[PDB]
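Protein chains in written order, with the working numbering: chain W, 1 to 208; chain V, 209 to 425; chain C, 426 to 434. Just so you know, even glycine gets a beta-carbon here, dropped at the ideal spot from N, CA and C. Everything on this sheet refers to the single structure shown next.
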Amino acid sequence: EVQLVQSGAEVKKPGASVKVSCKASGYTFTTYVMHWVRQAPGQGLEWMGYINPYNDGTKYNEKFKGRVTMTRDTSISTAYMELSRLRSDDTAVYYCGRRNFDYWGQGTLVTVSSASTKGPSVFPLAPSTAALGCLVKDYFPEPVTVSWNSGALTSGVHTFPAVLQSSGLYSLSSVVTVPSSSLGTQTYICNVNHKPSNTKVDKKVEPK
Amino acid sequence: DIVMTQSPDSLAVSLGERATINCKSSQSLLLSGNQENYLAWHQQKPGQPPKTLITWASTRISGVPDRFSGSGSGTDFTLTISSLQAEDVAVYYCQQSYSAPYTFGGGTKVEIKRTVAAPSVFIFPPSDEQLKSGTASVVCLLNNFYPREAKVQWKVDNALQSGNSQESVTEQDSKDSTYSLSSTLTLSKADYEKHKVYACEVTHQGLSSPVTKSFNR
Amino acid sequence: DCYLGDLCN
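Spelled out as C-alpha cells, the structure:
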C-alpha cells in the first residue's frame, strides 16, 4: 500500500515559521513529485507547490512564492514544506499529495494564533419536550469534547462546532432535548473535556 | 489560472438514487499531445483528509466502488454516483492537473434528501454567573430541521442586530437526516442591561411565517 | 508517465 505519513500538529504564533514533513512508502519516492495542498477551516482546497525528488526541482503557487520552501531527503523518502512568517490566515490543515493527486497524506493542522493555552468557562443553558445545554466559552486551543451524564445521555444531544470569537478564544455550545416532565427530578450534568489545559469541567444545569 | 466551477454547490439525493456532480473548467484540460484529460475527483468527509476517486477524468482509483464513475472531456466533466449510499455523504471536489496552479473546484456537498422538517426554536438568557462576569451570551437553538437553509435574526427591543452574533451548524444527523443550528448573540454587561426584549426570529421553509422566541431581561 | 499536463518539458 502507498502511504503518505505527515508530521504532527503545530501551534505557532504570528511571525513564526513551521516545517512540516511527509514520509512516503509503498513506491519509489523519486518517481513522482510531492505536492502540498492546504485547506483553511470551512473553505476549499488550495495548491501550494511541489518538489520533484528526482532532480530537487520545485514549483510554487505565486501565492507563496516568497514564503514557502520545499525540500526533500531521498535517503529517507521524506518531503518537507516550510512556511515562514506565519500569519493568522495561514491557519489550515496542510496535506501532502503524490503524483497526480492520487494518494494523500493524513493532514497536519497548523494553528496560527497569539493565544495561549487557556481552559474553558462553562455556563448553563437553562430550560423553562424542553431543551437545555451548556455554554463552553473562552478556551484555547481546540478541541473540547462534551458528554452528558457521563455518557449515559446521548439521545437528542447536539454538540456544535466551535466558533472562533474576536478574542482568539473559542466558544461552543452543547444542547440536548429532554422530556419536559423530567425537569423536576432528573439531573443533567454536562462533562466538558479540554485536554490541552488538562481541565475537565462538570456543570449541573437546572431550572432557574 | 484555470478556474474550476462545480454545480450544484449542494445536492440532496435520496438513498439509492443517482447523483450527478458537474465540473466546468475555464480552459480545456485535454492535452492534445497524448489525448488525455487532466481532471481528478476527490471525496472529503467533515474533518477528514481528501480521498481520490477518479484520475485522468475517468479512471477509477483502485478500490473505489463501481458506483462511482467520471466522464467528460475538455471543459465539461461529471462525477456520477449510480446509487447513493449512506457512506457517500460527503463533499466532492474536482481538481485540474493540467497547468499550475493545480486548482480545485469549490466543492459539492452531497446530503441525504428527506421530507421538510421545521426547526424547534429555543432561546437562552445569559447565566447570572457569566453576566456578573462582564459578558452576556444569549443563545438561540434551532433543533432538527430540513433543509439546511435557516435564517436567524436577533432583535433587541425590536431593533435588528447586525455584526454581534456567530452561528454554528451540526453535520447532517445519521439517524433522521436533519441539521441543528446554534447562534450566539454576545454583548457586554453594560449594553445587555440597557434593553428589555431579547428575541430570536427564525425563518425556515418548514414554517409558514417566521417564528420568534424571546424573553424579557 | 506524464501525469501532470505541464510536467513533460
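Which ranges does the alpha helix (DSSP H) cover as unbroken runs of at least 4 residues, wholly within the region 329–403 of chain V, from first to last along the chain? 336–339 and 397–400
Under 7 Å between beta-carbons, which chain V residues line up against residue 124(W)? List them in chain order, please. 335
Strictly under 9 Å for the Cβ-Cβ distance: is residue 308(V) near chain C by that measure? yes
Sort 245(V), 370(V), 323(V) and 255(V) by Cα distance to residue 41(W) and report the nearest one. 255(V)
Just curious, the beta strand (DSSP E) that residue 424(V) is in, first and last residue? 419–424
With residue 148(W) as the anchor, note down where its beta strand (DSSP E) starts and where it stops. 145–148
Rounded to whole angstroms, what is the Cα-Cα separation between residue 417(V) and residue 373(V)? 23 Å
Rounded C-alpha distance that separates residue 183(W) from residue 252(V): 41 Å
So the candidates are 100(W), 14(W), 53(W) and 31(W); which of them puts its Cα closest to the Cα of residue 113(W)? 14(W)
Going straight from the alpha carbon of residue 104(W) to that of residue 12(W), what length do you get? 24 Å
I want to verify the contact list: residues of chain C whose CB lies under 8 Å from the CB of residue 246(V), in sequence order. 429 and 430
For the candidate residues 368(V), 299(V), 324(V) and 296(V), whose alpha-carbon lies nearest to that of residue 420(V)? 368(V)
Given that a residue counts as buried once 16 or more other Cβ atoms are within 10 Å of its Cβ, and exposed if not, what is residue 171(V)? This structure cannot speak to residue 171(V), because chain V is shown only from 209 to 425.
Rounded to whole angstroms, what is the Cα-Cα separation between residue 290(V) and residue 227(V)? 7 Å
So which residues of chain C does residue 305(V) contact, with C-beta pairs closer than 8 Å? 428, 429 and 430
With distances taken from CA atoms, which of 177(W), 30(W) and 115(W) is nearest residue 128(W)? 177(W)
Can you name the residues of chain C whose CB is closer than 7 Å to the CB of residue 99(W)? 428
Quick one: complete beta strand (DSSP E) runs, 3+ long, within the region 31–83 of chain W? 34–39, 46–52, 57–60, 68–73 and 78–83
Going along the chain, which residues of its own chain have a beta-carbon closer than 6 Å to the beta-carbon of residue 21(W), five neighbours each way excluded? 7, 78 and 80
Would you mind telling me which residues of chain W sit closer than 8 Å to residue 251(V), beta carbon to beta carbon, in chain order? Neighbours of residue 251(V) on chain W: none; closest Cβ ~11 Å, over 8 Å.
Hey, could you find the ends of the beta strand (DSSP E) residue 106(W) is sitting in? Careful: residue 106(W) lies outside any beta strand (DSSP E) and carries neither H nor E.
Checking 9 Å against the spacing of the C-beta atoms, do residue 35(W) and residue 96(W) come in under that value? yes
For residue 244(V), which three-state DSSP category applies? strand
So with Cβ pairs under 9 Å, would you call residue 27(W) a contact of chain C? no
Within chain V, partners of residue 103(W) - CB distance below 8 Å: 260
Chain-ordered neighbours of residue 390(V) on chain W, where CB pairs are closer than 7 Å: 160 and 173
Quick check on the burial criterion: 16 or more other C-beta atoms within 10 angstroms. Buried or exposed for residue 402(V)? exposed
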